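See below for coords33.csv, which holds CSV, C-alpha atoms.
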```csv
chain,number,residue,atom,x,y,z
A,35,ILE,CA,0.0,0.0,0.0
A,36,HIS,CA,1.0,3.7,-0.3
A,37,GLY,CA,2.1,3.9,3.3
A,38,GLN,CA,3.0,7.6,3.7
A,39,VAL,CA,-0.7,8.5,3.5
A,40,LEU,CA,-2.3,5.3,4.9
A,41,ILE,CA,-0.5,5.4,8.2
A,42,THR,CA,-1.9,8.8,9.2
A,43,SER,CA,-5.2,8.2,7.4
A,44,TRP,CA,-5.6,5.3,9.8
A,45,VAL,CA,-5.7,7.6,12.9
A,46,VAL,CA,-7.9,10.1,11.1
A,47,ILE,CA,-10.3,7.2,10.3
A,48,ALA,CA,-10.0,6.4,14.0
A,49,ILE,CA,-11.2,10.0,14.8
A,50,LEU,CA,-14.1,9.2,12.4
A,51,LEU,CA,-15.0,5.9,14.1
A,52,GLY,CA,-15.0,7.7,17.5
A,53,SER,CA,-17.3,10.4,16.1
A,54,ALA,CA,-19.5,7.6,15.0
A,55,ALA,CA,-20.0,6.7,18.7
A,56,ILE,CA,-20.3,10.4,19.7
A,57,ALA,CA,-23.9,10.1,18.5
A,58,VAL,CA,-24.9,7.3,20.9
A,59,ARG,CA,-22.8,8.7,23.8
A,60,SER,CA,-24.7,11.7,25.0
A,61,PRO,CA,-28.4,12.3,24.3
A,62,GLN,CA,-29.4,16.0,24.6
A,63,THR,CA,-32.7,17.3,23.3
A,64,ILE,CA,-31.3,20.8,23.7
A,65,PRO,CA,-27.6,20.3,22.8
A,66,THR,CA,-25.3,22.7,24.6
A,67,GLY,CA,-21.7,23.5,23.6
A,68,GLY,CA,-20.2,21.3,20.9
A,69,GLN,CA,-23.2,19.1,20.1
A,70,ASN,CA,-25.1,22.1,18.7
A,71,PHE,CA,-22.4,22.0,16.1
A,72,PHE,CA,-23.4,18.5,15.3
A,73,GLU,CA,-27.1,19.5,14.9
A,74,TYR,CA,-26.1,22.5,12.8
A,75,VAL,CA,-24.0,20.3,10.5
A,76,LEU,CA,-26.9,17.9,10.1
A,77,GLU,CA,-29.0,21.0,9.2
A,78,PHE,CA,-26.3,21.9,6.7
A,79,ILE,CA,-26.6,18.5,5.1
A,80,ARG,CA,-30.4,19.0,5.0
A,81,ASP,CA,-29.8,22.4,3.3
A,82,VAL,CA,-27.4,21.2,0.5
A,83,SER,CA,-29.3,17.9,-0.1
A,84,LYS,CA,-32.8,19.3,-0.2
A,85,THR,CA,-31.5,22.2,-2.3
A,86,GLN,CA,-29.6,20.2,-5.0
A,87,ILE,CA,-30.4,16.4,-4.8
A,88,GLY,CA,-34.1,16.6,-4.6
A,89,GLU,CA,-36.5,14.0,-3.2
A,90,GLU,CA,-34.3,11.0,-2.0
A,91,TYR,CA,-31.9,13.3,-0.2
A,92,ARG,CA,-32.1,11.4,3.1
A,93,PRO,CA,-30.6,8.0,2.0
A,94,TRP,CA,-27.9,10.2,0.4
A,95,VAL,CA,-27.5,12.3,3.6
A,96,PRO,CA,-24.9,9.6,4.7
A,97,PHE,CA,-23.0,9.7,1.5
A,98,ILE,CA,-22.7,13.5,1.4
A,99,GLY,CA,-22.1,14.0,5.1
A,100,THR,CA,-19.3,11.4,5.1
A,101,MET,CA,-17.2,13.3,2.5
A,102,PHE,CA,-18.1,16.7,4.0
A,103,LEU,CA,-17.2,15.8,7.6
A,104,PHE,CA,-14.2,13.8,6.4
A,105,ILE,CA,-12.7,16.7,4.6
A,106,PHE,CA,-13.4,18.6,7.8
A,107,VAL,CA,-11.5,16.2,10.0
A,108,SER,CA,-8.8,15.9,7.4
A,109,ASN,CA,-8.3,19.6,7.4
A,110,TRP,CA,-8.0,19.3,11.1
A,111,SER,CA,-5.3,16.6,10.9
A,112,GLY,CA,-3.6,18.6,8.2
A,113,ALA,CA,-3.3,22.0,9.8
A,114,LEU,CA,-4.6,22.3,13.3
A,115,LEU,CA,-2.9,19.2,14.8
A,116,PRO,CA,0.4,20.0,16.4
A,117,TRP,CA,3.0,18.0,14.4
A,118,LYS,CA,6.3,19.9,14.5
A,119,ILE,CA,8.4,17.4,16.4
A,120,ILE,CA,7.1,14.1,14.9
A,121,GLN,CA,9.4,12.6,12.3
A,122,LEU,CA,8.7,9.7,9.8
A,123,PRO,CA,11.3,8.3,7.4
A,124,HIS,CA,8.6,7.0,5.1
A,125,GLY,CA,7.3,10.4,4.0
A,126,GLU,CA,5.7,13.7,5.1
A,127,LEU,CA,2.9,13.5,7.7
A,128,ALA,CA,0.3,15.9,6.5
A,129,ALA,CA,-3.2,14.5,5.9
A,130,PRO,CA,-5.2,11.6,4.4
A,131,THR,CA,-5.7,13.6,1.3
A,132,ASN,CA,-2.0,13.7,0.4
A,133,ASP,CA,-2.5,10.9,-2.0
A,134,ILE,CA,-4.4,11.1,-5.3
A,135,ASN,CA,-6.2,7.8,-4.5
A,136,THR,CA,-8.5,9.1,-1.8
A,137,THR,CA,-9.8,11.9,-4.0
A,138,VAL,CA,-10.3,9.6,-7.0
A,139,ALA,CA,-12.1,7.2,-4.6
A,140,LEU,CA,-14.5,10.0,-3.6
A,141,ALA,CA,-14.8,10.7,-7.3
A,142,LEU,CA,-15.8,7.2,-8.3
A,143,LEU,CA,-18.1,7.0,-5.3
A,144,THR,CA,-20.0,10.1,-6.4
A,145,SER,CA,-20.0,8.9,-10.0
A,146,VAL,CA,-21.5,5.4,-9.3
A,147,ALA,CA,-23.8,7.2,-6.8
A,148,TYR,CA,-25.5,9.3,-9.4
A,149,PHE,CA,-25.2,6.5,-11.9
A,150,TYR,CA,-27.0,4.2,-9.4
A,151,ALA,CA,-29.8,6.8,-8.9
A,152,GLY,CA,-30.2,7.4,-12.6
A,153,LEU,CA,-30.4,3.7,-13.4
A,154,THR,CA,-32.8,2.7,-10.6
A,155,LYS,CA,-35.1,5.7,-10.5
A,156,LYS,CA,-35.1,6.3,-14.2
A,157,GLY,CA,-34.9,3.5,-16.7
A,158,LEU,CA,-32.2,0.9,-16.7
A,159,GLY,CA,-31.8,1.0,-20.5
A,160,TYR,CA,-31.1,4.7,-20.9
A,161,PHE,CA,-30.2,7.6,-18.6
A,162,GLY,CA,-29.2,11.2,-19.1
A,163,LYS,CA,-26.3,10.0,-21.4
A,164,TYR,CA,-28.9,8.9,-24.0
A,165,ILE,CA,-29.2,11.6,-26.6
A,166,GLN,CA,-32.8,12.8,-26.2
A,167,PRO,CA,-32.8,16.7,-26.5
A,168,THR,CA,-30.8,16.8,-29.8
A,169,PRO,CA,-29.6,13.5,-31.2
A,170,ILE,CA,-26.2,15.0,-32.3
A,171,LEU,CA,-25.1,15.7,-28.7
A,172,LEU,CA,-22.9,12.7,-28.3
A,173,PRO,CA,-19.8,14.8,-27.7
A,174,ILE,CA,-21.5,16.4,-24.7
A,175,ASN,CA,-22.1,12.9,-23.3
A,176,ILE,CA,-18.6,11.7,-23.9
A,177,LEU,CA,-17.0,14.9,-22.5
A,178,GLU,CA,-19.1,15.3,-19.4
A,179,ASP,CA,-19.0,11.6,-18.5
A,180,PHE,CA,-15.3,11.6,-19.0
A,181,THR,CA,-14.6,14.8,-17.1
A,182,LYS,CA,-16.9,14.8,-14.1
A,183,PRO,CA,-15.2,12.3,-11.7
A,184,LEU,CA,-11.5,13.0,-12.0
A,185,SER,CA,-11.7,16.8,-12.0
A,186,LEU,CA,-14.6,16.7,-9.5
A,187,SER,CA,-11.9,15.2,-7.3
A,188,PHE,CA,-9.1,17.5,-8.5
A,189,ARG,CA,-11.0,20.6,-7.4
A,190,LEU,CA,-10.7,19.7,-3.7
A,191,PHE,CA,-7.5,17.7,-4.1
A,192,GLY,CA,-5.4,20.4,-5.6
A,193,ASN,CA,-6.0,23.0,-2.9
A,194,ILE,CA,-5.7,20.5,-0.1
A,195,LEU,CA,-2.5,18.8,-1.2
A,196,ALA,CA,-1.1,22.2,-2.3
A,197,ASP,CA,-1.4,23.6,1.2
A,198,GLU,CA,-0.2,20.3,2.8
A,199,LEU,CA,3.0,20.9,0.9
A,200,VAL,CA,3.1,24.7,1.3
A,201,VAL,CA,3.1,24.5,5.1
A,202,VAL,CA,6.4,22.6,5.3
A,203,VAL,CA,7.9,24.5,2.3
A,204,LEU,CA,7.3,27.6,4.4
A,205,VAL,CA,8.7,26.2,7.7
A,206,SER,CA,11.8,24.9,5.9
A,207,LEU,CA,12.8,28.5,5.4
A,208,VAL,CA,11.2,30.6,8.1
A,209,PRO,CA,9.8,29.4,11.5
A,210,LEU,CA,6.1,29.4,12.1
A,211,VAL,CA,5.8,33.1,12.8
A,212,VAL,CA,5.4,33.9,9.1
A,213,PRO,CA,3.3,30.9,7.6
A,214,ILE,CA,0.4,31.6,10.0
A,215,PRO,CA,-1.8,33.7,7.7
A,216,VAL,CA,-1.2,30.8,5.2
A,217,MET,CA,-2.5,28.4,7.8
A,218,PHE,CA,-5.4,30.8,8.2
A,219,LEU,CA,-6.4,31.0,4.6
A,220,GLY,CA,-6.0,27.2,4.3
A,221,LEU,CA,-8.3,26.5,7.3
A,222,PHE,CA,-10.6,29.0,5.7
A,223,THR,CA,-10.9,27.5,2.2
A,224,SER,CA,-10.5,23.8,3.0
A,225,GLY,CA,-14.0,23.5,4.5
A,226,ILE,CA,-15.4,25.6,1.7
A,227,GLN,CA,-14.1,23.1,-0.9
A,228,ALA,CA,-15.5,20.4,1.2
A,229,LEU,CA,-18.9,22.1,0.8
A,230,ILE,CA,-18.1,22.4,-2.9
A,231,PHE,CA,-17.5,18.7,-3.4
A,232,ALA,CA,-20.7,18.0,-1.4
A,233,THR,CA,-22.9,20.4,-3.4
A,234,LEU,CA,-21.5,19.2,-6.7
A,235,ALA,CA,-22.2,15.6,-5.7
A,236,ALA,CA,-25.7,16.7,-4.8
A,237,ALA,CA,-26.1,18.5,-8.1
A,238,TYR,CA,-25.0,15.4,-10.0
A,239,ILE,CA,-27.6,13.3,-8.0
A,240,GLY,CA,-30.2,15.9,-8.9
A,241,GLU,CA,-29.2,15.6,-12.6
A,242,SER,CA,-29.6,11.8,-12.4
A,243,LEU,CA,-33.0,12.1,-10.6
A,244,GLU,CA,-34.6,14.8,-12.9
B,112,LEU,CA,-25.7,9.1,13.8
B,113,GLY,CA,-28.1,10.5,11.3
B,114,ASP,CA,-30.8,8.4,13.0
B,115,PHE,CA,-29.9,9.8,16.4
B,116,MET,CA,-29.8,13.5,15.4
B,117,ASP,CA,-32.8,13.3,13.1
B,118,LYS,CA,-34.5,11.4,15.9
B,119,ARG,CA,-34.2,14.1,18.5
B,120,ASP,CA,-35.2,16.7,16.0
B,121,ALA,CA,-38.2,14.6,15.1
B,122,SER,CA,-39.1,14.3,18.8
B,123,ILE,CA,-39.2,18.0,19.4
B,124,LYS,CA,-40.9,18.8,16.1
B,125,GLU,CA,-43.5,16.0,16.5
B,126,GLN,CA,-44.5,17.2,20.0
B,127,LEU,CA,-44.7,20.8,19.0
B,128,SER,CA,-46.7,20.2,15.9
B,129,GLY,CA,-49.1,17.8,17.7
B,130,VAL,CA,-49.5,20.5,20.4
B,131,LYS,CA,-50.5,23.1,17.8
B,132,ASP,CA,-53.0,20.9,15.9
B,133,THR,CA,-54.7,19.6,19.0
B,134,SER,CA,-55.0,23.2,20.2
B,135,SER,CA,-56.8,24.1,17.0
B,136,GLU,CA,-59.1,21.1,17.3
B,137,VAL,CA,-60.0,21.9,20.9
B,138,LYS,CA,-60.7,25.5,19.9
B,139,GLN,CA,-63.2,24.1,17.3
B,140,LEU,CA,-64.6,22.0,20.1
B,141,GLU,CA,-65.3,25.0,22.4
B,142,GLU,CA,-66.9,27.0,19.6
B,143,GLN,CA,-69.2,24.1,18.6
B,144,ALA,CA,-69.9,23.1,22.2
B,145,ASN,CA,-70.9,26.7,23.3
B,146,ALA,CA,-73.1,27.0,20.2
B,147,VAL,CA,-75.0,23.9,21.1
B,148,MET,CA,-75.0,25.1,24.8
B,149,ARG,CA,-76.8,28.3,24.0
B,150,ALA,CA,-79.0,26.5,21.5
B,151,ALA,CA,-80.2,24.0,24.1
B,152,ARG,CA,-80.6,26.9,26.5
B,153,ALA,CA,-82.9,28.6,23.9
B,154,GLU,CA,-84.7,25.3,23.6
B,155,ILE,CA,-85.4,25.0,27.4
B,156,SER,CA,-86.4,28.6,27.8
B,157,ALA,CA,-88.5,28.1,24.6
B,158,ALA,CA,-90.2,25.2,26.3
B,159,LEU,CA,-91.0,27.6,29.1
B,160,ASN,CA,-92.4,30.1,26.6
B,161,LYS,CA,-94.4,27.2,25.0
B,162,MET,CA,-95.9,26.1,28.4
B,163,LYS,CA,-96.7,29.7,29.2
B,164,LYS,CA,-98.4,30.4,25.9
B,165,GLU,CA,-100.2,27.0,26.1
B,166,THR,CA,-101.7,27.6,29.6
B,167,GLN,CA,-102.5,31.1,28.3
```
Would you put the structure from the file into structure tokens?
Amino acid sequence: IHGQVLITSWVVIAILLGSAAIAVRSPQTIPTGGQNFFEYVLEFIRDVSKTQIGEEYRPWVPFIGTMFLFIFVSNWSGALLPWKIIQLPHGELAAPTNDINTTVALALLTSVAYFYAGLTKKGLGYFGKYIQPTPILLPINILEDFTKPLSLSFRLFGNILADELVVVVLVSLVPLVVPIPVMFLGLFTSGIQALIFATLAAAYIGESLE
Amino acid sequence: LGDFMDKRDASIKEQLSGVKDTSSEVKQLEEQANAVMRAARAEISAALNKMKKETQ
């Protein structure tokens, strides 16, 4: 396996598996500090899903919330985790998203997701790729089918991996006193692009469902 | 997790909505009941008017 990413992705997935039990740990009808964030993020899933997917947003609530909150916790492990002293001879210790493979996995997941919706809910024989509006629109089918997953992934992946490198490229020259607005802009936009992959996934499901 | 969060949300929403709709229904109940109250009152006092006019 590609170890340099997998080793740290294991402990980030451990953070995920613990947040899986955070649900069943504390029941609060009125959630005070911290859990109100959980309810607000559930509301955020409601927002993006009901806004873009359409009707069967709720069985896709899991599939959108997973990538959204996972980009959240991976931004956490990338920047906000104190990792100055730790040293690995296998490679840099930045984030789970350091490898292309995680983002192409999210890509294929979203792709087969809207393909699944468009094959089940619509007909099996033909879906939006079939050339109904104008029968000479096969280049549109080819291009969009070929470009959606990989660049869908690249949109997030580029910024996240770029900052994951830029942080150590900055510390290699100047200590942490200078790179901190860079950390700020990164922690700013890394959750936005999480939202972006989420809403574009949702829009592709809506395309499949229409 | 989605089950748990949507579950507590559904708890509070369900109880508030049921509250409001039963409130509307019991308001309908009081209007109808007091209408029939004063109607039966008119009926009894009208039986009084009837017995008065009849003995008259």
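A straight line drawn from CA of residue 141 (chain A) to CA of residue 187 (chain A) is 5.4 Å long.
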| note | What separates CA of residue 42 (chain A) and CA of residue 192 (chain A) is a distance of 19.1 Å
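CA of residue 115 (chain A) is found 14.8 Å from CA of residue 224 (chain A).
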| said: Could you list, as a PyMOL selection string, every residue within 8 Å of region 54-61 of chain A, counting all atoms listed in the file and ignoring same-chain residues fewer than 6 positions away? | reply: chain B and resi 112+115-116
| Residue hits in chain A, query chain B, radius 10 Å, only C-alpha atoms, as JSON, numbers by chain | {"A": [53, 54, 55, 56, 57, 58, 61, 62, 63, 64, 69, 72, 73, 76, 77, 92, 93, 95, 96, 99]}
| With all atoms listed in the file as the basis for distance, which of A:229, A:216, A:171, A:43 is at the shortest distance from residue 129 (chain A)? | A:43
| message | I'd like the contact shell of region 183-185 of chain A - 12 Å cut-off, only C-alpha atoms, skipping same-chain residues fewer than 3 positions apart - returned as a list in words. | response | residues 134, 135, 136, 137, 138, 139, 140, 141, 142, 143, 144, 145, 146, 147, 148, 149, 177, 178, 179, 180, 188, 189, 190, 191, 192, 231, 234, 235 and 238 of chain A
Can you take the partial region 188-224 of chain A, add N, CA and C atoms, and return it as a CSV table (one decimal), keeping the file's coordinate frame?
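What ended up in selection.csv:
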```csv
chain,number,residue,atom,x,y,z
A,188,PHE,N,-10.2,16.6,-8.4
A,188,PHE,CA,-9.1,17.5,-8.5
A,188,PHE,C,-9.4,18.9,-7.9
A,189,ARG,N,-10.6,19.3,-8.0
A,189,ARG,CA,-11.0,20.6,-7.4
A,189,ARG,C,-10.7,20.7,-5.9
A,190,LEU,N,-11.1,19.8,-5.1
A,190,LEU,CA,-10.7,19.7,-3.7
A,190,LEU,C,-9.2,19.4,-3.6
A,191,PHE,N,-8.8,18.3,-4.3
A,191,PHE,CA,-7.5,17.7,-4.1
A,191,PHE,C,-6.3,18.6,-4.3
A,192,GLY,N,-6.5,19.5,-5.3
A,192,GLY,CA,-5.4,20.4,-5.6
A,192,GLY,C,-5.1,21.3,-4.5
A,193,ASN,N,-6.1,22.0,-4.0
A,193,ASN,CA,-6.0,23.0,-2.9
A,193,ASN,C,-5.5,22.3,-1.7
A,194,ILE,N,-6.1,21.1,-1.3
A,194,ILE,CA,-5.7,20.5,-0.1
A,194,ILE,C,-4.3,20.0,-0.1
A,195,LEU,N,-3.9,19.3,-1.1
A,195,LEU,CA,-2.5,18.8,-1.2
A,195,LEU,C,-1.5,20.0,-1.4
A,196,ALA,N,-1.9,21.0,-2.1
A,196,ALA,CA,-1.1,22.2,-2.3
A,196,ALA,C,-0.7,22.8,-0.9
A,197,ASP,N,-1.7,23.0,-0.1
A,197,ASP,CA,-1.4,23.6,1.2
A,197,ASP,C,-0.6,22.6,2.1
A,198,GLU,N,-1.0,21.3,2.0
A,198,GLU,CA,-0.2,20.3,2.8
A,198,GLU,C,1.2,20.3,2.5
A,199,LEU,N,1.6,20.7,1.2
A,199,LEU,CA,3.0,20.9,0.9
A,199,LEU,C,3.5,22.2,1.3
A,200,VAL,N,2.7,23.3,1.1
A,200,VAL,CA,3.1,24.7,1.3
A,200,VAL,C,3.5,24.9,2.7
A,201,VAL,N,2.8,24.3,3.7
A,201,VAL,CA,3.1,24.5,5.1
A,201,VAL,C,4.6,24.1,5.4
A,202,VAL,N,5.0,23.0,5.0
A,202,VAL,CA,6.4,22.6,5.3
A,202,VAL,C,7.4,23.3,4.4
A,203,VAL,N,7.0,23.6,3.2
A,203,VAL,CA,7.9,24.5,2.3
A,203,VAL,C,8.1,25.8,2.9
A,204,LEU,N,7.1,26.3,3.7
A,204,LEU,CA,7.3,27.6,4.4
A,204,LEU,C,8.2,27.4,5.7
A,205,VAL,N,7.9,26.3,6.5
A,205,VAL,CA,8.7,26.2,7.7
A,205,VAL,C,10.1,25.8,7.4
A,206,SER,N,10.4,25.2,6.3
A,206,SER,CA,11.8,24.9,5.9
A,206,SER,C,12.7,26.1,5.8
A,207,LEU,N,12.1,27.3,5.4
A,207,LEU,CA,12.8,28.5,5.4
A,207,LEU,C,12.7,29.3,6.6
A,208,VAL,N,11.4,29.7,7.0
A,208,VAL,CA,11.2,30.6,8.1
A,208,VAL,C,10.3,29.8,9.1
A,209,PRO,N,10.6,30.0,10.4
A,209,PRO,CA,9.8,29.4,11.5
A,209,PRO,C,8.4,29.9,11.4
A,210,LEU,N,7.5,29.3,12.3
A,210,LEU,CA,6.1,29.4,12.1
A,210,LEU,C,5.5,30.8,12.3
A,211,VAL,N,6.3,31.8,12.6
A,211,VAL,CA,5.8,33.1,12.8
A,211,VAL,C,5.3,33.7,11.5
A,212,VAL,N,5.9,33.4,10.4
A,212,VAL,CA,5.4,33.9,9.1
A,212,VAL,C,4.3,33.0,8.5
A,213,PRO,N,4.4,31.7,8.4
A,213,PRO,CA,3.3,30.9,7.6
A,213,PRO,C,1.9,31.0,8.2
A,214,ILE,N,1.7,31.7,9.3
A,214,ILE,CA,0.4,31.6,10.0
A,214,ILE,C,-0.8,32.2,9.3
A,215,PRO,N,-0.7,33.3,8.5
A,215,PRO,CA,-1.8,33.7,7.7
A,215,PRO,C,-2.0,32.7,6.5
A,216,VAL,N,-1.0,31.9,6.2
A,216,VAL,CA,-1.2,30.8,5.2
A,216,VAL,C,-2.0,29.7,5.8
A,217,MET,N,-1.7,29.4,7.1
A,217,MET,CA,-2.5,28.4,7.8
A,217,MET,C,-3.9,28.9,7.9
A,218,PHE,N,-4.1,30.2,8.1
A,218,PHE,CA,-5.4,30.8,8.2
A,218,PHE,C,-6.2,30.7,7.0
A,219,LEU,N,-5.7,31.1,5.8
A,219,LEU,CA,-6.4,31.0,4.6
A,219,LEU,C,-6.7,29.5,4.2
A,220,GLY,N,-5.8,28.6,4.6
A,220,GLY,CA,-6.0,27.2,4.3
A,220,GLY,C,-7.2,26.6,5.2
A,221,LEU,N,-7.2,26.9,6.5
A,221,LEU,CA,-8.3,26.5,7.3
A,221,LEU,C,-9.6,27.2,6.9
A,222,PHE,N,-9.4,28.3,6.2
A,222,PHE,CA,-10.6,29.0,5.7
A,222,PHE,C,-11.2,28.2,4.5
A,223,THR,N,-10.4,28.0,3.5
A,223,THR,CA,-10.9,27.5,2.2
A,223,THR,C,-11.0,26.0,2.2
A,224,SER,N,-10.4,25.2,3.1
A,224,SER,CA,-10.5,23.8,3.0
A,224,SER,C,-11.9,23.2,3.4
```
